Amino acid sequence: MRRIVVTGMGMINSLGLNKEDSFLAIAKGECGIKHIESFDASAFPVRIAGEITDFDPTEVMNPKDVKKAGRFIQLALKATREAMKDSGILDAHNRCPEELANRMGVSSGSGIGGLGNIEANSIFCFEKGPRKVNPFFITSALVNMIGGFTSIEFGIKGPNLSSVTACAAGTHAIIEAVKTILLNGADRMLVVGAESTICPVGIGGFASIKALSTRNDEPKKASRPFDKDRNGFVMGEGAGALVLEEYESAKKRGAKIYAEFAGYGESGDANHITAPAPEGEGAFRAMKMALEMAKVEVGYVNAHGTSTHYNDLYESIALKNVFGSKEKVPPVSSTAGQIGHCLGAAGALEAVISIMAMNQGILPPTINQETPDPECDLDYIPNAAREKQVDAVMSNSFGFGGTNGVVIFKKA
């Protein structure tokens, strides 16, 4: 129907402040996992995370407004600024031109948003009463304030939408923006997934369900998707952003074309609140619908691959079932070894990584591959990047509640 292209991209994570530094480090197999220093984790069973240590919020927003945004929003403003500037849309005042503004919206994704801000104000209220609740609390913490702050920063007035589907939020935010443009609700959409939940109650929430790796002595070796010695994910923080644009409108503008959206799929397991469906059946169906909509040959799969026992196993089964056999599965890698699993932000970050991999003919590797898992027997691009040109890339995301999202982007 209407064709949609990617015309700008940005990302920030524990291996870089922009997409060129970050992707280069990811492709070389570096690892940004470190010991948690953003709070005191001395007494915690999990003390490692993909923390971003060189991020200065003052460089993205006025100091007065910094206290008005949870960290996840600060990271979203960094990623979207990079993508909007990257797109060439912005005028001399770094605004959307007033005559394009009503047809450019924003689709944001996050799992919980400002958790640390709710935690901090919950404790203020409990210790010293509601008079100690900070007035900037609510608007610093709500997931949709990603789109609130970004739409204001860029003057974009189209549909302002926000997805909160757990670890698949970043990917659903892409799909909802695609749907909006397909139904002529917008000509352009800013997409951004963002998450920052490295805080006591966040780490504690995932450790009490035993979903986090406790390889505290070697942080850079704890996140190891598909490896036999994996033992839980490592939580990362970050944000990825994309500008989607209707094709004719992109060409007319003179936009640069990173990729053209090809297909998507969405499903629910209706099985368990945290574990995936047997055989990754819901993932299978989402990948199937995406593949049948795209009608292309996928040369690279960026898997969700969080480094838990259940997710890597059942994603590999579903992959093998959807492509037909193990040999028929394209090269797959999860970059969660490099930057941690960034939850809500993961799908957005991993779409940027996937597109960049296609732009450059460099497929990033799944790191810390040391002991083959007989149940995980796909080609995971082990330890080192694979120079290979591909014509289309697929990115998978799954979240608690059994919600699944898949997107495919093809060469321009």
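Start at 1 and count along the sequence shown; that's the residue number.
When the C-alpha temperature factors are averaged for each of 327 to 335 and 261 to 269, which stretch ends up with the higher value in the entry?
It is 327 to 335 that shows the higher mean C-alpha B-factor.
Given the B-factors recorded for C-alpha atoms, which segment has the greater mean, 213 to 221 or 123 to 131?
Result: 123 to 131.
Which has the highest CA B-factor per the PDB entry: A173, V298, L183, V243?
Of the candidates given, the C-alpha B-factor peaks at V298.
Go through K228, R81, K157, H304 one by one and give the residue whose Cα B-factor in the PDB entry is largest.
That would be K228.
Splitting the chain's C-alpha B-factors into thirds, which one does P365 fall into?
For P365, whose C-alpha B-factor we compare with every modelled residue in the chain, the answer is the middle third.
Would you check the entry's CA temperature factor for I203 and let me know if it's in the chain's lowest, middle or highest third?
CA B-factor rank for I203: lowest third.
Among the modelled residues of this chain, does the Cα B factor of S249 put it in the lowest, middle or highest third?
As the PDB entry reports it, the C-alpha B-factor of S249 lands in the highest third of its chain.
Could you say whether, by C-alpha temperature factor, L291 belongs to the lowest, middle or highest third of its chain?
Highest third, going by the recorded CA B-factors of the chain.
Report the third (lowest, middle or highest) to which the CA temperature factor of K64 belongs, ranking only the modelled residues of the same chain.
For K64, whose C-alpha B-factor we compare with every modelled residue in the chain, the answer is the highest third.
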